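Novice: Residue numbers (the entry's author numbering), protein chains in the order written: chain G, 13 to 144; chain F, 1 to 15.
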Amino acid sequence: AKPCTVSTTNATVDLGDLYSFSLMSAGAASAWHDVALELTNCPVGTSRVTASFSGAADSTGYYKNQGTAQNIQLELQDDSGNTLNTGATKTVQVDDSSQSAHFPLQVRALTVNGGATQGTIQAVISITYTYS
Amino acid sequence: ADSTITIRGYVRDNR
Ligand SMILES: [Co+2]
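(1) Would you say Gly-79/G lies against chain F (beta-carbon separation less than 9 Å)?
(2) Give the interface partners of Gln-130/G over in chain F, defined as CB-CB distance under 7 Å, in chain order.
(3) Per DSSP, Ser-64/G forms a beta bridge with which residues?
(4) Under a CB-based cut-off of 9 Å, is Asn-22/G close to chain F?
(5) Which class does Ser-3/F belong to by DSSP, given the choice of helix, strand or coil?
(6) Under 8 Å: do the stretch 68 to 79 of chain G and the stretch 110 to 127 of chain G share three or more Cβ pairs, one atom per stretch?
(7) Of all Cβ atoms in chain F, is any one closer than 9 Å to the Cβ of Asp-91/G?
(8) I want to verify the contact list: residues of chain F whose CB lies under 9 Å from the CB of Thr-140/G, in sequence order.
(9) What are the partner residues of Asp-107/G, as DSSP defines its beta bridges?
(10) If you compare alpha carbons, which of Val-136/G, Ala-13/G, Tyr-143/G is closest to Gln-78/G?
(11) Could you check which residue in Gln-111/G, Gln-82/G, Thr-132/G, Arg-120/G has the C-alpha nearest to that of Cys-16/G?
(12) Do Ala-63/G and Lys-102/G come within 9 Å of each other at the CB atom, strictly closer than that value?
(13) Under 9 Å between beta-carbons, which chain F residues line up against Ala-121/G? List them in chain order, please.
(14) Taking the C-alpha atoms as reference points, what is the distance between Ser-59/G and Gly-28/G?
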């Protein structure tokens, strides 16, 4: 099927400042932060959009922090609590009243094993769309 | 490729 227009080229999640004091214990984490991916002007005949997610993972399975803080990871979920680690896909239905599609996702930082250290948090997740 | 999610923040240690 024909591709939609990708309205969301770029989407930034600002997790703010986390404190090593607060991230001493395993499983400590930031709040979830919403991030949306939007597609518009889907051709007639396009009824489903699949997003494929890719980014560097560490040995915890979650996304690697590519900033300087150690012992912290990034987690991407859908709207329903499902983890979308690298290689995951998600499919949504095109809304035929507007011929648009959306991916309501959420991101947080977490220290899987505890002991996050001072430094930056930086990560990027690439999305490729397929259509049917 | 089609979209990029950028995640940014900081871990501060004031000890
Ligand atoms: Co916040």
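Beta carbons are placed, not taken as given, at the ideal position from N, Cα and C, and that holds for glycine.
Specialist: Taking the coordinates as given:
(1) yes
(2) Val-11, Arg-12, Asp-13
(3) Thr-101/G, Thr-140/G
(4) yes
(5) strand
(6) yes
(7) no
(8) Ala-1, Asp-2, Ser-3
(9) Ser-112/G
(10) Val-136/G
(11) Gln-111/G
(12) yes
(13) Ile-7, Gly-9, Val-11
(14) 37 Å
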